[PDB]
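Student: Would you be able to build a 3D model of this:
(chains A, B, C, D, E, F and G)
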Amino acid sequence: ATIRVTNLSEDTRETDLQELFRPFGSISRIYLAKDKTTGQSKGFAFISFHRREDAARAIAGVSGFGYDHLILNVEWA
Amino acid sequence: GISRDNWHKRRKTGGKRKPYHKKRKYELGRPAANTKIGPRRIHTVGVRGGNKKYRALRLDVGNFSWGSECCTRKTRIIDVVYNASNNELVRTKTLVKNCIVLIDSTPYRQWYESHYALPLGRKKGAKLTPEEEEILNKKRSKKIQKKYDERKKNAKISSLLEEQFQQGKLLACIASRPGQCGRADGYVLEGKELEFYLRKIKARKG
Amino acid sequence: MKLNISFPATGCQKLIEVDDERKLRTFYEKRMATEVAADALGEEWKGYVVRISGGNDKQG
Amino acid sequence: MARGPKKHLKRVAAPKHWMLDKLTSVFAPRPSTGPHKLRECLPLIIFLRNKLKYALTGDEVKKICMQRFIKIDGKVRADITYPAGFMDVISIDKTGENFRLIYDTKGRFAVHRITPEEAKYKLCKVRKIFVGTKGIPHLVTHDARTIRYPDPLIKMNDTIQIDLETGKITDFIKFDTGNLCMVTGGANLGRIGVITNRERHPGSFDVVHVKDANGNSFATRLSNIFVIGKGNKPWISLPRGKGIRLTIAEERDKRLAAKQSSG
RNA sequence: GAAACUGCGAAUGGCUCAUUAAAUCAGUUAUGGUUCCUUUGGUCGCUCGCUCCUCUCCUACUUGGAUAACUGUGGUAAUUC
RNA sequence: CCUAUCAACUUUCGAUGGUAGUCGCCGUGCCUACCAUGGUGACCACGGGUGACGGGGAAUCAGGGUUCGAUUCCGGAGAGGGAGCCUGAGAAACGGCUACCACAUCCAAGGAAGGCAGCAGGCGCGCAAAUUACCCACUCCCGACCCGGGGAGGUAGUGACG
RNA sequence: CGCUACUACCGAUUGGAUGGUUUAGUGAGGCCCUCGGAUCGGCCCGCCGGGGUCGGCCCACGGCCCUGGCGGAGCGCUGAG
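Tutor: Numbers count the residues shown, from 1 in each chain, chains lettered A, B, ... in the order given. See below for the structure:
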């Protein structure tokens, strides 16, 4: 499905997330909201998995898992 | 759909088989005819490998054979008195192979009296009065002597047969599948078999 | 709607546009076989008996 | 799946004794349905353009057939992959040449010209002799030809001269000990010889002890023995390679001696 | 001779090995337990006269009547509608 | 093939058998009545696992063995997942159908049409794998047919698997 | 006993996720089966056109019969539906 990720840093880009979400199955694509007028990575991302099982697994784990000294928040989009 | 295979169910060992392929047209195993008693309809059905199979829905006539005289006559089948496959079949009046049915006495008796030119006895008062007497008199003027020489130990037939004539119906056994053949044909019960079926009919009732 | 009225003696057919409610309404709740009177539509369909035969809805 | 029978056969999966190539063509001719089984058959095409070499395309093969210059068994065929078999005669009516198919003991189908006298008839062994419907008798030959009212003393494994002008039985030869046989299939392919003894075993499979002309003795199943006439009385000639049996050493000596000695 | 009806192919072909542990499958056997178009070979007048309606059942020098393609009018935002 | 840190198992929704019937192209607990209490295991059953399709075959080994097999051929199986069905001798068929479920598409919002584990190609995936090409002339297959159609198949291109 | 790093274990949160089995309930769809008659003709009763016969050998138009046309009566009664 599509899952939303929030509480991203501006030092956390698509590439940093790409390796992070591989133990929860292979991502199809990682879209990340950027605005270059203010900041870099706004704070919201949308990761798109190919399969429904893989997507749900991510939401469960990643929520409570630390990455760059912040608690990532993941939830169904 | 409705199914018929050996690659399902339990093993000898107490194991369980796991499928071989997915249901196929050959396995089809069509629902029952459920043919009973009422006005005749039969339908032609297209079945596997080509060929035509009759599906009977309602039958009420059969071709019942008198096996000790080697003649078969087409008669009514009015009811199921006994069936040994299931008791319910009798009650519901569903015709299946080996149903013990009731057929008319009168055509078999009429055939015998005419053919042998002497009556078995007297079936009934009503039966006697217009003809039976006619047959006894003979239409042979002339060739009376020929009949007497020809027929020895007649003016009678076997005890079991005579007893059934008195009842006004004869017990008969269905010797064909009424739902697949489309024929409810059978042979008239006689000797030991008739005695046994009457014993069963009496045993079950009451 | 447009009535596709055919005279089958001549083998002809034509459309006509009738949007007048009274002229139409006569043919409503008729089923394909039933006769109707076409007198409603004018003098030129007066004395005509019409057998409804079919047609097409909206969305085809 | 598999929802029905194949209508194709690949090459390099066809029977060896047809003498096709390996992988240089990806499809074999495949016999049509007919009187003989596809293993033992020889599609018309292989005979016509691979042995007698009258075509170098498939386009030509179809065009040849449509001329209808070819009769097979006295009857007029036009099938591109006709399922000819054992002692089936091919009749070219444009050249007056009659060829029959009989095994080499090498195991290769022989191109074996016969006279039009010997192409009048062929000897066919009875497969079943059948009391048919309404008490009319029939014999049925191996090549699935049913002849009604057959001679009233015949019994199983008899041979029967079938005639191809007019059909029907044109006498018969009775099955007896010491009859000529050609043993077909197996490890005894294309060998000719007498009988000697037929051993009978109740239940399936009965073996027939054969002795060949050389004096090599062997058994095979009755099924693999085909009766081709009366003992020491051929009705068609021996084919190339002896048709009896020859050793690989002898065969080498023939191959080198004949080659560069002709022309 | 476009078309259309009719008949046949369309189950074959090609692809991939997920599934399944005596299941599949291999080799050896069976169908006397059964179905099979086609091809190849036989089987092609008749009711054996309803003790000839079939000499009157006298349509045999041959019966009955409807759809396509076609022609015309059309509907649908969009359909191999 | 591996497993006892799987030792008892199979029928109340038949487990095995007798008898009789329904049903099926046809055998048969296939299904059902009635009637029996069977059937199977330390010679590993039963249960669990499995990148577990099977064979012909492949690689290395003195010999003995060990390892490999989706993959040019043969058999079986499936065509997004399930279930049902029509045609036909043969199909429970995705370049047929129908429903639902998961996916995707058009929409004027009423509706409507769909299945590349076919050939090319693209996306995703990864350490990993090619032309959106040309042709039915060959090789064969199909048809009413020599005549037509074929991503069957041939042909080139890509190609330091080797 | 101490720095540092990895791993298995136990763990509040009756943490979360996914897949397969499960009682019971509900149950699409098709198939089978009991019905139904939306629908259309056919064979019979009016007028005619032809033929024919029992108005009429003027046996001819026509009535009447047959069949075609067309409507109506019972829509009677068979088949399809």
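Student: Does the longest helix along chain B reach RNA strand F?
Tutor: Secondary structure of chain B per DSSP state H: the longest helix is helix B:191-204. No - taking Cβ under 7 Å from any atom of the strand as the criterion, helix B:191-204 and RNA strand F are apart, separated by no less than 11.5 Å. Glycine gets a C-beta too; all of them are placed from N, C-alpha and C.
Student: how about the residues of chain A near RNA strand F?
Tutor: For chain A, the residues in contact with RNA strand F (Cβ under 7 Å from any atom of the strand) are A:1, A:22, A:26-29, A:50, A:52.
Student: so of those, which ones are in helices?
Tutor: residue A:52.
Student: Mind listing residues that contact the longest helix of chain B?
Tutor: Applying Cβ atoms under 8 Å, 6 or more residues apart in numbering or on different chains, the set of residues contacting helix B:191-204 from outside is B:81-82, B:84, B:87, B:100, B:160, B:164, B:171, B:173, B:189.
Student: again, 7 Å this time
Tutor: With contact meaning Cβ atoms under 7 Å, 6 or more residues apart in numbering or on different chains, helix B:191-204 is reached by B:81-82, B:100, B:160, B:171, B:189.
Student: any idea which of those residues is closest to residue D:27?
Tutor: residue B:100 (64.9 Å; Cβ to Cβ).
Student: partner residues bridging the closest one?
Tutor: The partner list for residue B:100 in beta bridges (DSSP bridges) reads residue B:82, residue B:173.
Student: where's it relative to RNA strand F, distance?
Tutor: Residue B:100 sits 11 Å away from RNA strand F, going by Cβ to the nearest atom of the strand, to the nearest Å.
Student: Over to residue B:67?
Tutor: Here the criterion is Cβ to the nearest atom of the strand. By it, residue B:67 lies 17 Å from RNA strand F.
Student: Quick one: residues contacting residue D:91.
Tutor: D:71, D:74, D:98, D:119.
Student: Could you pick out the residues of chain C near RNA strand E for me?
Tutor: Taking Cβ under 7 Å from any atom of the strand as the criterion, the contact residues of chain C with RNA strand E come out as C:2, C:4, C:6, C:12-15, C:56-60.
Student: for chain C, what spans make up the strands?
Tutor: Assignment of strands within chain C using DSSP state E yields the ranges C:2-7, C:12-17, C:35-37, C:49-51.
Student: Name the nearest residue to residue C:41, sequence neighbours excluded.
Tutor: residue C:23 (5.2 Å; Cβ to Cβ, 6 or more residues apart in numbering or on different chains).
Student: on that earlier part again, dump the contacts of residue D:91 to TSV, plus secondary structure.
Tutor: Rendered in TSV, the data for the contacts of residue D:91 read as follows (DSSP: H, G, I helix; E, B strand; the rest coil):
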residue	secondary structure
D:71	strand
D:74	coil
D:98	strand
D:119	coil
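Student: Just list the residues touching residue 8, thanks.
Tutor: You didn't pick a chain, so chain A it is. Residues touching residue A:8, when contacts are defined by Cβ under 7 Å, 6+ apart, comprise A:41, A:43, A:45.
Student: Can you look at chain B instead?
Tutor: Going by Cβ under 7 Å, 6+ apart, residue B:8 touches residue B:17.
Student: Swap in 6 Å and give it another go.
Tutor: Taking Cβ atoms under 6 Å, 6 or more residues apart in numbering or on different chains as the contact definition, residue B:8 lies against nothing.
Student: Distance check, it against RNA strand E.
Tutor: Relative to RNA strand E, residue B:8 is positioned 10 Å away (Cβ to the nearest atom of the strand).
Student: In a strand, that residue, correct?
Tutor: No - note on residue B:8: no strand contains this position according to three-state DSSP, which reports coil.
Student: For it, give its distance to residue B:16.
Tutor: 9 Å (Cβ to Cβ, to the nearest Å).
Student: Name all residues that sit in contact with the two at the same time.
Tutor: By Cβ under 6 Å, 6+ apart, residue B:8 and residue B:16 have no common neighbours.
Student: Return the residues of chain C in contact with RNA strand F.
Tutor: residue C:59.
Student: picking up where we left off before, quick check, distance from the longest helix of chain B to the centre of its chain.
Tutor: Average the C-alpha atoms of helix B:191-204, do the same for its chain, and the two points are 16 Å apart (Cα atoms, centre = their mean, to the nearest Å).
Student: buried ones in it?
Tutor: Across helix B:191-204, burial judged by 16 or more other Cβ atoms under 10 Å in any protein chain shown covers B:194, B:197.
Student: Count the residues that sit near the residue lying closest to residue D:143 once chain neighbours are set aside.
Tutor: Leaving out its chain neighbours, the residue that sits closest to residue D:143 by Cβ to Cβ, 6+ apart is residue D:35, at 4.5 Å. Under the neighbour criterion other Cβ atoms under 10 Å in any protein chain shown, residue D:35 is assigned a count of 15.
Student: sec struct for residue D:35, please.
Tutor: At residue D:35, secondary structure determined by three-state DSSP is coil.
Student: Many thanks, we can stop here.
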